[PDB]
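Asks: Structure in structure tokens, see below.
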Amino acid sequence: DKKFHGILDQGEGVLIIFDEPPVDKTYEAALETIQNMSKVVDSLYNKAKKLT
Amino acid sequence: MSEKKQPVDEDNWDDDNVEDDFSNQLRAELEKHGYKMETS
Amino acid sequence: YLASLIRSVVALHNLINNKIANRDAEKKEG
Amino acid sequence: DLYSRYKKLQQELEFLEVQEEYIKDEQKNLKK
Amino acid sequence: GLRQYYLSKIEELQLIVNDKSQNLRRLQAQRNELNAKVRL
Amino acid sequence: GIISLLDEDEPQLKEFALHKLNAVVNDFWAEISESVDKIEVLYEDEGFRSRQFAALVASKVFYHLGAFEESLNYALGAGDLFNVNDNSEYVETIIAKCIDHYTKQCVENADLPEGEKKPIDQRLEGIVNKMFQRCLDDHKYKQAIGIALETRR
Amino acid sequence: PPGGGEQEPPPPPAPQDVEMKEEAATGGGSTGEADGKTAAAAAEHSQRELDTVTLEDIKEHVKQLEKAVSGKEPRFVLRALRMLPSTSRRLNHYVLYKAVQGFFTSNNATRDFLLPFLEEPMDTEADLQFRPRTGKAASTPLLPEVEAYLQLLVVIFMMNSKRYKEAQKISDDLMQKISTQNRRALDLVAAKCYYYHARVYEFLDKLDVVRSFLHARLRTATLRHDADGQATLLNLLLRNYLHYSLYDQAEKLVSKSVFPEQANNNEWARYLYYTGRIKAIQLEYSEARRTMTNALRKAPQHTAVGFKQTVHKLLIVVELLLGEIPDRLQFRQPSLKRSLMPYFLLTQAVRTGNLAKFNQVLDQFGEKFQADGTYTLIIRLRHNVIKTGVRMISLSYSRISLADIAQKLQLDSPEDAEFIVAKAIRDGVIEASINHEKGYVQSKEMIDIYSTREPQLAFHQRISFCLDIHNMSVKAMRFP
Amino acid sequence: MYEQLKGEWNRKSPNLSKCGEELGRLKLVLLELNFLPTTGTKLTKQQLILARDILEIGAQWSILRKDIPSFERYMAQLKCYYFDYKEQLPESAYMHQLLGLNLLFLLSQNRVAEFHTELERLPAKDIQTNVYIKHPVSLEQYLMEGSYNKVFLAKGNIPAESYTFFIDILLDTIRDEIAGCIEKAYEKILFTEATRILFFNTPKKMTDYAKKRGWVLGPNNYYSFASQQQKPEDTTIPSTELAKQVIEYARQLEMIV
């Protein structure tokens with residue numbers, strides 16, 4: 001349920017606990033720009049590809 | 001125009017990748033489960 | 001890599017802004 | 001007179017190569 | 001035989017003329033726009 | 001197999017290779033690509049008496065491959081047997097890259113005749129007055145005067 | 001006569017309507033503006049001649065009863081076409097032969113009457129110095145003889161008509177070819193007749209003394225003009241040198257004629273494809289796929305494009321040879337779908353790891369691949385199947401017995417199942433070791449590939465590439 | 001009919017006093033006519049079918065005396081004869097066993113490019129028919145992947161002629177290859193397992209390989225030098241190259257071109 005994060009072992013029951021906020025801000029907030037810009041080049045078809 | 005000097009003479013893509021995996025592998029995998037219970 | 005990707009699209013939108021002012025005046029003006 | 005065609009089109013590159021340099025350095029200098 | 005070679009070289013020297021002037025045609029118009037920006 | 005006729009050491013194939021290099025002069029100029037030494041070392045062999053004729057067909061291959069100075073340097077080394085061959089639409093390309101190499105060479109010689117001048121080959125100038133012999137006979141002179149400025153002579 | 005006299009009389013004049021407007025406008029222009037003042041680098045008569053090849057490709061089909069084209073030849077061949085005051089009568093002669101079809105009957109050219117339709121450049125002060133006329137006045141009869149090709153005791157009529165054009169071609173090669181575009185506008189007439197010079201010869205004749213004549217044609221090319229003479233004389237040089245075993249491929253490597261630098265957007269497009277197969281056929285894989293791709297995205301917007309049915313097949317032959325595969329049916333057509341299903345079933349076997357699945361294709365469609373002429377590249381995919389599989393198994397299983405991988409790849413032998421893995425490491429597919437004493441092949445788990453330099457190499461290819469297209473957007477913009 | 005040759009050619013004359021007379025007999029071919037393919041006079045075949053039978057047997061004994069540079073002389077001349085579109089015999093009892101013989105020795109010549117450009121000349125004569133030429137192309141196919149034992153199962157299957165000098169070079173180019181592939185990341189191997197991966201039972205040939213490369217001769221052991229530790233942790237090699245590239249970015253970024 002991700003309320004806690006870790007790992008469970010089956011042989012002897014060892015809970016290796018670790019933590020890091022990895023990164024989220026840098027890539028996916030720059031990834032959605034690419035699919036915004038894809039729709040801009042799609043909208044270039046409605047004033048260039050049809051027109052000239 | 002349209003000369004082409006002839007020397008010789010979604011809806012589609014995702015399922016093609018899904019066609020690549022189970023191309024000949026367990027198409028109607030429905031009834032082996034009824035037969036895998038008494039075997040395994 | 002993102003910022004240079006933007007630089008190519010912007011000048012391409014500028015390219016059509018000169019192809020709107022090239023073809024739409026040679027029939028009009030001459 | 002093709003040797004006369006060569007001088008005039010050697011005089012072309014003589015005269016054209018400076019001109020493409022001449023507006024090229026204006027590009028920064030007008031900005032300055 | 002001799003002059004036969006020379007009309008090769010007039011005609012491919014002329015290939016530098018039609019695009020470097022075309023570069024200059026592009027370049028000289030850019031200055032005129034920028035000088036119109038300044039004096040105004 | 002016209003390239004491997006220049007292998008043997010016996011002298012009787014040497015005058016039969018010139019019997020068998022001239023017959024195959026027509027088409028297969030692309031296959032002497034791998035026979036540079038087999039011209040050149042057999043150019044340096046005295047048995048193949050017509051050694052300059054090996055440079056004729058060596059001038060045929062490197063136009064077809066497009067090594068234009070290699071056809072030029074082998075038209076220099078082809079001697080009288082290239083000097084006898086000048087009535088062709090083949091030869092008007094490689095007597096003429098010569099003049100292109102000639103007219104820029106003696107510009108460098110007109111600059112510095114005082115010491116360290118490049119050696120005049122005398123086949124480099126051996127065709128130029130010979131091309132002027134055509135100007136002495138065929139009655140075209142507005143091209144003839146134009147080498148005589150560009151030759152720097 | 002009623003079924004004739006209502007369906008036969010409109011085929012003469014309505015072609016006479018459109019042939020007083022297309023090649024009469026070409027004859028009205030390209031005699032006075034190709035031999036005349038100029039037709040510059042931005043000309044129109046070449047594209048006008050491009051308009052008078054394509055229209056007549058699918059125009060004529062019938063053997064021409066009612067003289068609807070069989071009467072055009074005694075019209076269009078009695079032409080001096082010297083100057084305007086002597087063609088003002090010829091502008092009447094465009095109409096004087098119309099009643100010859102109508103009031104009387106002409107000579108119906110049905111497979112025999114082409115011999116008194118070719119000997120006319122002596123009749124009434126005709127010339128050959130005006131080869132912007134006579135090279136077109138060759139091609140205005142030289143096309144529709146050979147457009148249908150009709151292949152029944154006709155070939156000599158096509159030949160002697162070419163011989164008179166070959167007489168124009170020698171006057172092109174020798175006599176006054178400068179600044180009138182006598183070479184340039186007839187390099188197309190050279191190039192366009194070569195395909196009619198070939199499909200005669202690729203049907204019933206030889207091929208190779210024309211090649212030495214083409215070397216004599218390549219002789220004078222780039223020797224007087226360096227525009228569209230370097231280009232079309234090399235694809236037409238290659239067109240059966242690829243299909244022959246003559247040397248012709250390492251010659252074209254060191255040849256200077258690789259760049260004519262401009263070849264009119266459609267002959268340049270396939271130019272990178274005929275030499276794109278040369279690197280494909282002589283094992284140059286990675287260099288080929290970028291001149292195969294560049295030979296694809298420069299082609300125009302026609303549909304019946306059966307050579308494009310070949311380049312899309314061949315472009316990912318060599319990419320199966322390299323490993324990468326796109327979706328090939330991403331532009332699938334009603335005419336592409338039938339031309340993909342044997343070949344699409346091939347790359348189905350490549351993305352799998354099965355071994356004799358390759359054999360289940362190569363017996364089912366082994367005959368189809370020899371029709372397209374591609375089998376010699378198909379036969380070597382078994383090296384690429386097994387390197388796909390050994391990458392597939394080593395990444396999935398970590399510690400796998402070498403006496404288990406052979407039974408899954410149906411290799412029938414564990415004693416060389418070590419040995420492909422030896423060549424897998426020698427090539428560098430998998431890194432890790434093999435316990436040859438035990439039998440397991442262990443693999444190390446991958447480590448931080450993020451903190452390695454290699455994603456910058458995914459960037460530096462594309463940083464520099466994306467600054468180029470921004471520069472090309474600048475260089476191609478300010479023409480006004 | 002100017003033969004001088006039909007007595008001592010089928011029987012073995014091993015490096016005797018015939019070959020100089022044979023080349024002097026091939027000299028008397030060249031006085032009469034060139035070996036130019038003679039496009040005219042198709043009926044006269046005595047300069048074409050009878051003279052080339054001398055040149056194909058002239059390539060046959062060029063391998064028995066270990067005459068390698070003169071071997072590719074005759075076989076290249078035979079290639080320039082079947083290039084002729086003039087109608088000849090389509091083949092004989094030798095043409096498979098000579099053309100594919102060039103395929104099997106150029107296999108040994110370590111030039112794979114000319115191995116595959118032969119494949120224009122015979123499309124169907126490799127798989128669906130001509131099983132004697134299926135065997136050399138399937139061999140180098142088997143040399144392409146790791147398969148070595150199926151290669152020497154084809155050294156139990158030599159159907160056509162002896163193929164002796166070609167498979168013995170094919171021994172030698174496999175000897176260093178396993179001596180190349182003993183050098184992967186292996187563990188201890190005793191003096192039986194990799195002793196028999198080539199062929200050998202127990203000669204001193206293993207010490208000729210054990211002292212050529214590593215994997216030191218010890219107590220029934222091949223010692224593993226799988227270090228691969230020295231090369232990593234390079235900031236400097238990027239820091240010279242990237243500092244070049246970053247300024248190269250700024251060239252086509254600000255300065256107008």
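Just so we're on the same page: first chain in the structure tokens is A, next is B, and so on; residues restart at 1 for each chain, and ligands are numbered from 1 in the order they show up.
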Leaving out residue 39 of chain F and any residue of its chain fewer than 2 positions from it, which residues lie within 8 Å of it when counting only C-alpha atoms, given as an MDAnalysis selection string?

Replies: chainID F and resid 6 35:37 41:43 54:55 58

Asks: Can those selected residues be exported to a file as a PDB file, in the first residue's frame so that it contains C-alpha atoms?

Replies:
```
ATOM      1  CA  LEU F   6      52.430  -9.033 -66.844  1.00  0.00           C
ATOM      2  CA  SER F  35      47.421  -3.600 -61.143  1.00  0.00           C
ATOM      3  CA  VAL F  36      49.361  -0.419 -60.374  1.00  0.00           C
ATOM      4  CA  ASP F  37      52.676  -2.143 -59.608  1.00  0.00           C
ATOM      5  CA  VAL F  41      57.324  -2.750 -61.915  1.00  0.00           C
ATOM      6  CA  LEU F  42      56.817  -4.136 -65.425  1.00  0.00           C
ATOM      7  CA  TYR F  43      57.335  -0.565 -66.655  1.00  0.00           C
ATOM      8  CA  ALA F  54      51.786  -0.182 -70.246  1.00  0.00           C
ATOM      9  CA  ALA F  55      51.284   3.441 -69.190  1.00  0.00           C
ATOM     10  CA  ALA F  58      47.402   2.663 -67.129  1.00  0.00           C
TER      11      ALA F  58
END
```

Asks: Write out as a count of residues only which residues come within 10 Å of segment 8-22 of chain D when counting only C-alpha atoms, dropping same-chain ones fewer than 6 positions away.

Replies: 13

Asks: With a distance cut-off of 9 Å and only C-alpha atoms, select the neighbouring residues of residue 167 of chain H, excluding the residue or stretch itself and same-chain residues fewer than 5 positions from it, and output the selection as number ranges by chain.

Replies: H: 104-105, 108, 155, 172

Asks: Those selected residues, please, written with N, CA, C and O atoms and delivered as a PDB file, in the first residue's frame.

Replies:
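In the end it all went to out-v2.pdb:
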```
ATOM      1  N   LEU H 104      36.001 -22.035 -52.056  1.00  0.00           N
ATOM      2  CA  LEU H 104      36.472 -22.695 -50.846  1.00  0.00           C
ATOM      3  C   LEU H 104      37.883 -22.256 -50.464  1.00  0.00           C
ATOM      4  O   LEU H 104      38.258 -22.334 -49.289  1.00  0.00           O
ATOM      5  N   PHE H 105      38.675 -21.783 -51.423  1.00  0.00           N
ATOM      6  CA  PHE H 105      40.012 -21.320 -51.081  1.00  0.00           C
ATOM      7  C   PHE H 105      40.061 -19.836 -50.777  1.00  0.00           C
ATOM      8  O   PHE H 105      40.845 -19.416 -49.919  1.00  0.00           O
ATOM      9  N   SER H 108      39.526 -19.413 -47.353  1.00  0.00           N
ATOM     10  CA  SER H 108      40.738 -19.433 -46.546  1.00  0.00           C
ATOM     11  C   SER H 108      41.557 -18.153 -46.663  1.00  0.00           C
ATOM     12  O   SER H 108      42.380 -17.883 -45.782  1.00  0.00           O
ATOM     13  N   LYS H 155      33.972 -31.898 -42.148  1.00  0.00           N
ATOM     14  CA  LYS H 155      35.255 -32.519 -42.440  1.00  0.00           C
ATOM     15  C   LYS H 155      35.163 -34.043 -42.356  1.00  0.00           C
ATOM     16  O   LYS H 155      36.135 -34.739 -42.668  1.00  0.00           O
ATOM     17  N   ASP H 172      44.289 -24.609 -39.656  1.00  0.00           N
ATOM     18  CA  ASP H 172      45.211 -23.650 -39.045  1.00  0.00           C
ATOM     19  C   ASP H 172      44.500 -22.371 -38.617  1.00  0.00           C
ATOM     20  O   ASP H 172      44.816 -21.802 -37.566  1.00  0.00           O
TER      21      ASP H 172
END
```

Asks: Residue 477 of chain G: which residues within 9 Å, counting only C-alpha atoms, same-chain residues fewer than 3 positions away excluded, as a list in words?

Replies: residues 14, 15, 16, 18 and 19 of chain C; 26 of chain E; 472, 473, 474 and 480 of chain G

Asks: For those residues, write N, CA and C atoms to a file as a PDB file, in the first residue's frame.

Replies:
```
ATOM      1  N   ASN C  14       8.663  30.823 -37.881  1.00  0.00           N
ATOM      2  CA  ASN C  14       9.076  32.023 -38.590  1.00  0.00           C
ATOM      3  C   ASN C  14       9.250  31.777 -40.079  1.00  0.00           C
ATOM      4  N   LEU C  15       9.584  30.547 -40.471  1.00  0.00           N
ATOM      5  CA  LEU C  15       9.768  30.235 -41.883  1.00  0.00           C
ATOM      6  C   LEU C  15       8.455  30.324 -42.643  1.00  0.00           C
ATOM      7  N   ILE C  16       7.361  29.887 -42.024  1.00  0.00           N
ATOM      8  CA  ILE C  16       6.060  29.989 -42.666  1.00  0.00           C
ATOM      9  C   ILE C  16       5.600  31.440 -42.672  1.00  0.00           C
ATOM     10  N   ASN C  18       7.455  33.809 -43.452  1.00  0.00           N
ATOM     11  CA  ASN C  18       8.000  34.397 -44.664  1.00  0.00           C
ATOM     12  C   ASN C  18       7.416  33.763 -45.918  1.00  0.00           C
ATOM     13  N   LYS C  19       6.923  32.529 -45.829  1.00  0.00           N
ATOM     14  CA  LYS C  19       6.213  31.929 -46.949  1.00  0.00           C
ATOM     15  C   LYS C  19       4.770  32.397 -47.039  1.00  0.00           C
TER      16      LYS C  19
ATOM     17  N   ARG E  26      20.258  37.153 -49.963  1.00  0.00           N
ATOM     18  CA  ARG E  26      19.698  36.952 -48.638  1.00  0.00           C
ATOM     19  C   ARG E  26      20.347  37.876 -47.619  1.00  0.00           C
TER      20      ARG E  26
ATOM     21  N   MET G 472      19.481  25.896 -40.737  1.00  0.00           N
ATOM     22  CA  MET G 472      18.884  25.727 -42.056  1.00  0.00           C
ATOM     23  C   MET G 472      17.559  26.461 -42.168  1.00  0.00           C
ATOM     24  N   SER G 473      16.860  26.643 -41.051  1.00  0.00           N
ATOM     25  CA  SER G 473      15.684  27.497 -41.052  1.00  0.00           C
ATOM     26  C   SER G 473      16.042  28.965 -41.228  1.00  0.00           C
ATOM     27  N   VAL G 474      17.256  29.365 -40.848  1.00  0.00           N
ATOM     28  CA  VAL G 474      17.699  30.733 -41.087  1.00  0.00           C
ATOM     29  C   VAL G 474      18.173  30.901 -42.524  1.00  0.00           C
ATOM     30  N   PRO G 480      13.013  36.616 -49.545  1.00  0.00           N
ATOM     31  CA  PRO G 480      12.646  38.014 -49.789  1.00  0.00           C
ATOM     32  C   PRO G 480      13.505  38.967 -48.971  1.00  0.00           C
TER      33      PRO G 480
END
```

Asks: I want to know what sits within 9 Å of residue 30 of chain F, based on only C-alpha atoms, with residues of the same chain fewer than 4 positions away left out; could you give that as a PyMOL selection string?

Replies: (chain F and resi 60-62+64-65) or (chain G and resi 246-248+250-251)

Asks: How about saving the chosen residues, N, CA and C atoms kept, as a CSV table (one decimal), in the first residue's frame?

Replies:
```csv
chain,number,residue,atom,x,y,z
F,60,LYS,N,44.3,4.6,-69.1
F,60,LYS,CA,42.9,4.3,-69.3
F,60,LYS,C,42.1,4.0,-68.1
F,61,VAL,N,42.7,3.3,-67.1
F,61,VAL,CA,42.0,2.9,-65.9
F,61,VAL,C,41.7,4.0,-65.0
F,62,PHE,N,42.7,5.0,-64.8
F,62,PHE,CA,42.5,6.0,-63.7
F,62,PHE,C,41.6,7.1,-64.2
F,64,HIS,N,38.8,6.1,-65.7
F,64,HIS,CA,37.5,5.4,-65.4
F,64,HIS,C,37.3,5.2,-63.9
F,65,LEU,N,38.4,5.2,-63.1
F,65,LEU,CA,38.2,5.3,-61.7
F,65,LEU,C,38.2,6.8,-61.2
G,246,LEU,N,30.1,-7.4,-63.3
G,246,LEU,CA,31.2,-6.6,-63.7
G,246,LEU,C,31.6,-5.6,-62.6
G,247,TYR,N,32.8,-5.0,-62.7
G,247,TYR,CA,33.5,-4.5,-61.5
G,247,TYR,C,32.8,-3.4,-60.8
G,248,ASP,N,32.7,-2.2,-61.4
G,248,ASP,CA,31.5,-1.3,-61.4
G,248,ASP,C,30.9,-0.9,-60.0
G,250,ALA,N,33.4,-0.8,-56.8
G,250,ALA,CA,34.6,-0.1,-56.3
G,250,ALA,C,35.1,1.0,-57.2
G,251,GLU,N,34.7,0.9,-58.5
G,251,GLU,CA,34.9,2.0,-59.4
G,251,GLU,C,34.0,3.2,-58.9
```

Asks: If you count only C-alpha atoms, which residues fall within 10 Å of segment 31-34 of chain E, apart from same-chain ones fewer than 3 positions away, as a PyMOL selection string?

Replies: (chain D and resi 23-24+26-27+30-31) or (chain E and resi 26-28+37-39)

Asks: Taking only C-alpha atoms into account, report as number ranges by chain which residues of chain G lie within 10 Å of chain C.

Replies: G: 459-460, 462-474, 476-480

Asks: Leaving out segment 18-34 of chain B and any residue of its chain fewer than 5 positions from it, which residues lie within 10 Å of it when counting only C-alpha atoms, given as a PyMOL selection string?

Replies: (chain B and resi 13+39) or (chain G and resi 347-349+351-352)

Asks: I need the chain H residues near chain F as a PDB file with C-alpha atoms, in the first residue's frame; criterion: at most 12 Å, counting only C-alpha atoms.

Replies:
```pdb
ATOM      1  CA  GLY H  20      57.935 -25.693 -68.914  1.00  0.00           C
ATOM      2  CA  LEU H  23      53.809 -23.285 -70.771  1.00  0.00           C
ATOM      3  CA  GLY H  24      55.734 -23.417 -74.039  1.00  0.00           C
ATOM      4  CA  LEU H  26      50.537 -22.483 -73.998  1.00  0.00           C
ATOM      5  CA  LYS H  27      52.980 -20.220 -75.836  1.00  0.00           C
ATOM      6  CA  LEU H  28      52.024 -21.810 -79.166  1.00  0.00           C
ATOM      7  CA  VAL H  29      48.376 -21.081 -78.390  1.00  0.00           C
ATOM      8  CA  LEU H  30      49.244 -17.372 -78.232  1.00  0.00           C
ATOM      9  CA  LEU H  31      51.019 -17.188 -81.609  1.00  0.00           C
ATOM     10  CA  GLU H  32      47.938 -18.508 -83.412  1.00  0.00           C
ATOM     11  CA  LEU H  33      45.268 -16.448 -81.644  1.00  0.00           C
ATOM     12  CA  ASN H  34      44.711 -14.389 -78.507  1.00  0.00           C
ATOM     13  CA  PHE H  35      42.569 -15.739 -75.671  1.00  0.00           C
ATOM     14  CA  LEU H  36      40.281 -12.794 -76.358  1.00  0.00           C
ATOM     15  CA  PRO H  37      36.782 -14.372 -76.264  1.00  0.00           C
ATOM     16  CA  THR H  38      36.553 -14.293 -80.121  1.00  0.00           C
ATOM     17  CA  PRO H  69      50.180 -16.867 -56.553  1.00  0.00           C
ATOM     18  CA  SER H  70      50.044 -18.718 -59.876  1.00  0.00           C
ATOM     19  CA  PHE H  71      46.819 -20.435 -58.810  1.00  0.00           C
ATOM     20  CA  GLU H  72      44.694 -17.276 -58.852  1.00  0.00           C
ATOM     21  CA  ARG H  73      46.132 -16.417 -62.282  1.00  0.00           C
ATOM     22  CA  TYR H  74      44.421 -19.275 -64.128  1.00  0.00           C
ATOM     23  CA  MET H  75      41.184 -19.167 -62.128  1.00  0.00           C
ATOM     24  CA  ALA H  76      40.716 -15.457 -62.859  1.00  0.00           C
ATOM     25  CA  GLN H  77      41.207 -16.236 -66.551  1.00  0.00           C
ATOM     26  CA  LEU H  78      38.540 -18.951 -66.347  1.00  0.00           C
ATOM     27  CA  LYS H  79      36.172 -16.389 -64.805  1.00  0.00           C
ATOM     28  CA  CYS H  80      36.678 -14.165 -67.874  1.00  0.00           C
ATOM     29  CA  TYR H  81      35.620 -17.089 -70.115  1.00  0.00           C
ATOM     30  CA  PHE H  83      31.498 -14.311 -68.547  1.00  0.00           C
TER      31      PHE H  83
END
```

Asks: Identify all chain F residues at most 8 Å from chain G by counting only C-alpha atoms; ligands do not count. Present them as a ChimeraX atom specification.

Replies: /F:27,30-31,64-67,89-90,93

Asks: Please, which residues of segment 8-212 of chain H, numbered as in this document, come out helix (DSSP H, G or I) from DSSP, as a PyMOL selection string?

Replies: chain H and resi 19-32+49-58+71-82+95-108+113-120+131-144+149-153+164-181+205-210

Asks: For chain E, which residues have at least one atom within 12 Å of chain F, if we go by only C-alpha atoms? Write them as a ChimeraX atom specification, please.

Replies: /E:1-9

Asks: Using only C-alpha atoms, I'd like a table of the residues in segment 87-149 of chain H that come within 8 Å of segment 412-427 of chain G; for each, show the closest atom pair and its distance in Å rounded to one decimal, ordered by chain and ascending number, as JSON lines.

Replies:
```
{"residue": "H:145", "atom": "CA", "partner": "G:420", "partner_atom": "CA", "distance": 6.0}
{"residue": "H:146", "atom": "CA", "partner": "G:420", "partner_atom": "CA", "distance": 3.7}
{"residue": "H:147", "atom": "CA", "partner": "G:416", "partner_atom": "CA", "distance": 5.4}
{"residue": "H:148", "atom": "CA", "partner": "G:416", "partner_atom": "CA", "distance": 6.6}
{"residue": "H:149", "atom": "CA", "partner": "G:416", "partner_atom": "CA", "distance": 6.7}
```

Asks: Could you write those residues out with N, CA and C atoms, as a PDB file, in the first residue's frame?

Replies:
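The resulting file, again.pdb, is shown below:
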```pdb
ATOM      1  N   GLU H 145      28.654 -18.363 -37.280  1.00  0.00           N
ATOM      2  CA  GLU H 145      28.270 -18.505 -35.884  1.00  0.00           C
ATOM      3  C   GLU H 145      29.354 -19.284 -35.138  1.00  0.00           C
ATOM      4  N   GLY H 146      29.103 -19.571 -33.861  1.00  0.00           N
ATOM      5  CA  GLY H 146      30.061 -20.272 -33.026  1.00  0.00           C
ATOM      6  C   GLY H 146      30.306 -21.714 -33.401  1.00  0.00           C
ATOM      7  N   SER H 147      29.440 -22.305 -34.230  1.00  0.00           N
ATOM      8  CA  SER H 147      29.458 -23.738 -34.517  1.00  0.00           C
ATOM      9  C   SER H 147      30.785 -24.188 -35.119  1.00  0.00           C
ATOM     10  N   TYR H 148      31.433 -25.131 -34.436  1.00  0.00           N
ATOM     11  CA  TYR H 148      32.755 -25.631 -34.795  1.00  0.00           C
ATOM     12  C   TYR H 148      32.684 -27.122 -35.056  1.00  0.00           C
ATOM     13  N   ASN H 149      31.781 -27.802 -34.354  1.00  0.00           N
ATOM     14  CA  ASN H 149      31.688 -29.252 -34.457  1.00  0.00           C
ATOM     15  C   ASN H 149      30.942 -29.658 -35.716  1.00  0.00           C
TER      16      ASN H 149
END
```

Asks: Atom CA of residue 116 of chain H and atom CA of residue 178 of chain H are how many Å apart?

Replies: 25.0 Å

Asks: At a cut-off of 8 Å, which residues of chain H touch chain G? Count only C-alpha atoms and give the answer as a list in words.

Replies: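 Taking only C-alpha atoms into account, residues 113, 116, 117, 118, 119, 120, 121, 123, 141, 144, 145, 146, 147, 148, 149, 181, 184, 185, 186, 187, 188, 189, 249, 252 and 253 of chain H sit within 8 Å of chain G.
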